[PDB]
Each structure stands twice: as C-alpha cells, then as structure tokens.
C-alpha cells in the first residue's frame, strides 16, 4: 500500500565499488566512551577497519572489527561489519571512515559529556518507524527539530520487512540505507519489537530475532547481560534500561534476574534520570494490543515504582499516549484491588509507536478515556525528552501534520528522586 518504492531517493545505493552502505552507530560501552560502528558491503567482504580521529587532536587511529553474514530462506545477506571504537574523549566531535580498501566514506559523531548529576541532554523518541512515506516525514521532522536531538531512543519495530513475502530481507537493506542519514551521525539505542522476532517455521526460519541481531549490535556485556535483547547504558545524566517484551521474564529467568540486579546498581546522584525502554506498553488505552502488556506488568511494575523510574517509553501501538503517574500493584486475587491509583513514586508511561510503520494509524480507543490516561491521540509523529538538569526534563510530541516546531502535547517531567512534585 504505502511503503516507499525501491527506486525512491532515500533508498539510493552509495556509489563506487564496495562502498559501505547502511552505516549506523550506537553507544559501545556503559558510560559513553565507546561507539559501535556498523555497515554493509555488497560487492565483496572488504575490511572491517574504522579510521577515526577527533577534530581537535587530529591523530588518526585504526580500530579493528568483525564481519558476518546470514541467510534467511532464499535471501543471502551482504557482508556485515561491526567495529567498536574505544577510549574516546568526552564531549568531542570525531570523524570516522569506513570502506578503507576500496571506496571510503566519511562521517562524524559527538561523544556525550561525562555522566553526572547536572548534565543536559536531548533524546529523540521514535518507535515503529518502518519505511512508508509517513516514516520519511517523521524522520524529516526529527532532523529539523529546533531542539536538536542528540541520541534516538528507539522503542522497536524497525524495518517491517517481515510483512513482505518470505520477509523479503531486501527491505532490511533499504531501511538501513533510509535511516543512515540520521543514525550514521548520532547513536540510536535499539529495543527489539515484535516485527524483529521473525519466527517463520513455515519457511524453516525458527531462530528468533535473527536478521535484526545480525544487523544491529548492542553493548550488552557492558551491563553484565547475557543477551543482546536486554541491557543498560548510561549517557549524560540518564540511566537507560532496555527490556525485551518477547523474551522470557518469568521468575528466575535471565532477563528477570538481570533486571533485578541492574536496578540495584542505579545511582541517582550520578544519573538522576531513570528511563526504561520496552516495545509493548504496560499502560495502553487503545483497542489494538489492549492488555498485551499485562504479563510483563505483573513482573516488573512494582520494581519500577520501588525504584522511582521517571518514565517508561514503549511503542507497538501505532499512536501516541501519555499516562498519569499511576500504579496498579496492590492486587492479591481476593482483595479486589485491581484499579490503578495515582502514585507519585510511579513513572509516566508513554506510548510513542507512531512514527509511520507501513502507513496505518491505530485510532480505535477504549471509551471513555480512563483516569490513568492523561493524553492520547492517533497521529503520526515523534517525541523529544529534553533533560535540562537534575530536577527538570521537558517532553514534547510533534505531529507530522504540524510545523516542525509545533508541539501538540508537552509536559515537564519533575525528577522522581530530586523533585517528586505532581507534574499532572
């Protein structure tokens, strides 16, 4: 229906023999002194080396990485490169080059400041991007934001290649080339959504998350996680926890065990902003995917309140919603306590899965609007979480049909540790 055609300008192939394409970066360590650099070469393996240097020092260094390939049904990937640059200086612009053997391409990024209590930083929020014309408009709006996002928190559902026949993994390549104009210059922090599962036993593809996991690496060992699908990083004044809605989280499982330990490592005097990313929302008053989040909610919601998470970001529902600060953790089967109540130790739950997908919005809502829902609207767009300091962060939502500087919704987050005031 509305997916951009293969010959669209956003899908053009970087010219020259074996030119790197689908270039993308993300944070490569726990505190921001490292960057994972990733790209694909189509004509031959090529080299996995990255040349990099700061604008100031100017001393050029080489980092070595690794190449991998995969198959999916009758698809054969090109040559995938992942290379980690390490021991970078904080708050510094670096250039990097890939394709060192045949066609070199140059890019740049800016390391975050060192982690600290009072360190401003602006996060973009994008979920369920896809590669429709709507997707392209959302990305344009983010790039043109006057607030200037410095990192994208991506709440999952990347390419939607699995909607195509045999999950036509070409649509992973096109999505890589489409997003390069943003993610080659600033990290995107990856969350796994249901369109990344790609469980297709009918064509003998039964390894969950396979194409996504080959194409997008994350620094999961840096937080002592055993799986790429849940992990944490710190960046500026934020501690960001990424969870996997489609992995196990029963008591005693790896993800549950890891998250319980991870929450104990949080130090709000170093990173006052505690942020959780997951694909499927625990609070959601849209009909589509209603109550799908209940299972994870039974395991994790009380932990979020106990540790005073500031905000939880999710996607999956193709629309926008912002909850009140509520909790629904008092239920004991026979005591009848199953209704959410205002709770100032609880996070705000934000659904931001509306960046475009394959061109369809979720407009059917549960009626009436429940007390726990502060704002909801079925429009395309993206968010910005703008940390001013340890007490204040400004969240805004920009609609695709508005000007790039118009915020149809916006709210001040008051920090749950340093300033726990009603921000209704």
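Residue numbers count along the first chain shown, from 1.
Look at the mean CA B-factor for 78-86 and for 275-283 in the entry; the higher one is 78-86. As the entry records it, the average C-alpha temperature factor is higher for 87-95, out of 87-95 and 343-351. When the C-alpha B factors of 238, 291, 110, 161 are read from the deposited coordinates, the top value falls at 110. Listed residues 385, 358, 380, 372 were ranked by CA B-factor as deposited; 358 comes out on top. The PDB entry assigns residue 393 a C-alpha temperature factor belonging to the lowest third of its chain's modelled residues. Split the chain's modelled residues into thirds by C-alpha temperature factor. Residue 202 is in the highest one.
When all modelled residues of the chain are sorted by CA temperature factor, residue 146 is found within the highest third. Remark: residue 14 belongs to the highest third of its chain, ranked by C-alpha B-factor as recorded.
Looking at the C-alpha B-factors along this chain, the one for residue 140 belongs to the highest third.
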